[PDB]
Protein chains: 2
Amino acid sequence: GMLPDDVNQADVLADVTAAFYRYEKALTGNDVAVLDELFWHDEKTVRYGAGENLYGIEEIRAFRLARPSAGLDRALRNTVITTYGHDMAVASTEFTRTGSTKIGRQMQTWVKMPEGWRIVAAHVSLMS
Amino acid sequence: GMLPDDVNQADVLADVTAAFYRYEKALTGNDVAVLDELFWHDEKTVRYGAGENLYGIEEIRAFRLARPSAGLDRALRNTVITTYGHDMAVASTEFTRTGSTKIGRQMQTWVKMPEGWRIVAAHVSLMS
Ligand SMILES: [Cl-]
Ligand SMILES: [Cl-]
């Protein structure tokens, strides 16, 4: 049960936030090692990206290596990080790019595993 | 703390799965009252839809009433529902519609509140 006071406990929110910005940096720099580190290592993990639907860490890894590295840098905007209790978080952000005209959105659900905070599901898309 | 045994406990998953399909019913039948009941009533709630970025339950409610009621029906595909401990879940699915050629994706993060299972963040989009 999630009680109202259990939302956004300062310390939980600091850990998750650092983790989020660390993922942000790995993503824009194409640090595939870390991008793999931060994702949950399981067959149930899901990543819906702009042009692909990926199920399991195996497919997400294939994706990562097959992905073009040019124009990965992006500016975030309207970022909302909300924690629930001591081991669950939702990071939501919009983003834009120097090249594009469309607006990007990214939603990620983080869970604290024994190995650390891990993204168990992510959806990334361009707004119509 | 989330150990491997805390993933997909039978009872928790049975509940969240039923809540997920209740929402599916409300969405396709445009049961705005239920659609609202099932979303978390808070300013922090976030819904990224195909063509809009909604922040807070008030913005989400406006959207429900402004939305066209025609063609809301859909077919689900590749649905994955994973629960974490006894009070968080992530439901992800693809979907298609009779008319369209594009593939839809929905991802929802559910938290069990005292009033019940509630979607705290949702992202819907068409694969580009
Ligand atoms: Cl896998
Ligand atoms: Cl609000």
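We name chains A, B, ... by the order of the sequence lines, and we start the count at 1 in each one.
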**ring pair (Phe, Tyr, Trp, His ring centres under 6.0 Å) partners of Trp110(B), counting only residues at least two apart** = none
**Complete:** Across all chains, not counting sequence neighbours, the ring pair (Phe, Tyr, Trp, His ring centres under 6.0 Å) partners of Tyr84(A) are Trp40(B)
**Asked** Can you name the closest pair of heavy atoms from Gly1(A) and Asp87(B) and give their distance?
**Response** N-OD2, 2.7 Å
**Message:** Which one wins on heavy-atom pair count under 4.5 Å against chain A: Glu94(B), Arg118(B), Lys112(B)?
**Reply:** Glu94(B)
**Request:** Select, from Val80(B), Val124(B), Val120(B), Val90(B), the one with the greatest count of heavy-atom pairs under 4.5 Å involving chain A.
**Result:** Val120(B)
**Pairs where residues 65-74 of chain B contributes a residue and the test side chain to side chain donor-acceptor pair (under 3.5 Å) is met, not counting sequence neighbours** = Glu24(B)-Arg74(B), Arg74(B)-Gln106(B)
**Item:** Portion of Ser92(A) that has a non-hydrogen atom of chain B nearer than 4.5 angstrom
**Value:** both
**Prompt:** By a 4.5 Å heavy-atom criterion (distance strictly below it), what part of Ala91(A) contacts chain B: side chain, backbone, both, or neither?
**Reply:** neither
**Item:** Hydrophobic cluster identity match, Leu72(B) and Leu35(B), side-chain contacts under 4.5 Å
**Value:** no
**Prompt:** Side chain, backbone, both or neither: which part of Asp42(B) has a non-hydrogen atom closer than 4.5 Å to chain A?
**Reply:** neither
**Asked** Distance from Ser128(A) atom OG to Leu126(B) atom CG, nearest 0.5 Å?
**Response** 7.0 Å
**Prompt:** In Å, rounded to the nearest 0.5 Å, how long is the span from CE of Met107(B) to NE2 of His123(A)?
**Reply:** 7.0 Å
**Prompt:** How about residues 43-52 of chain A versus chain B: which residues have heavy atoms under 4.5 Å apart?
**Reply:** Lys44(A), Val46(A), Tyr48(A), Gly49(A), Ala50(A), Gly51(A), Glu52(A)
**Message:** Taking the side chain as everything from C-beta on, heavy atoms only, tell me whether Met88(B) gets closer than 4.5 Å to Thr109(A).
**Reply:** yes
